[PDB]
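Only one chain is included here, represented as structure tokens and corresponding to the form deposited in one PDB entry.
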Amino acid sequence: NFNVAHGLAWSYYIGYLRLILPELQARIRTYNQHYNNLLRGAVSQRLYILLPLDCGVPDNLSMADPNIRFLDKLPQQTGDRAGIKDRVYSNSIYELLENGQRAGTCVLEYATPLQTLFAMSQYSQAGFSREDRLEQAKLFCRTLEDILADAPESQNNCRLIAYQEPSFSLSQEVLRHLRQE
């Protein structure tokens, strides 16, 4: 089933990352200056993209880790897309708690296509086993990192976080990446 992950990786890039990454640093500037709390840390640059290989994508991040808490939204990006006037691209800023205190602030979300690889394995008519799914989850991440390696839109404004669950802390996995910068 090689082609499934390949197509979803190209779709994620073409349909989302190449569209929102060019305007992301500008949107974070705007938030930092005009909407961020005077007394709090600037939102970090770069979109943090969670890639659970078990494809467990909760809709609420706080369900993954209590130490990951919704703070605010960036200014919305809108554009005409395929006959939709003002299609909305929205992103969410999280606080990452270390010892019940804020250790960092970033734009953070899951790669939605993985929620879709999950659903596809659950639907009989899709013909996609749960074995197929760990494999295609890996291929999706690889394909996406190859694409971004050559992408002119990734000018260091995007960070992939791939991880496997065997006590594992997501907030710690994000802070580990966030602190490399």
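We call the rigid core the largest set of C-alpha positions that still match within 1.5 Å between the two forms. Residues carry their position along the shown sequence, with the first being 1.
A second form of this protein, the form deposited in another entry, is not displayed here; the remarks below concern that form.
Here the rigid core is superposed between the shown form and the other one, and of 143, 36, 67, 45 the C-alpha of 36 is the only one to shift by 2 Å or more. In the core-superposed comparison between the shown form and the other one, the C-alpha atom of residue 126 has shifted by at least 2 angstroms. Closer approach of the C-alpha atoms of residue 102 and residue 34, by 3 angstroms or more, is seen in the other form than in the present form. Relative to this form, the distance between the C-alpha atoms of residue 95 and residue 35 is reduced by at least 3 angstroms in the other form.
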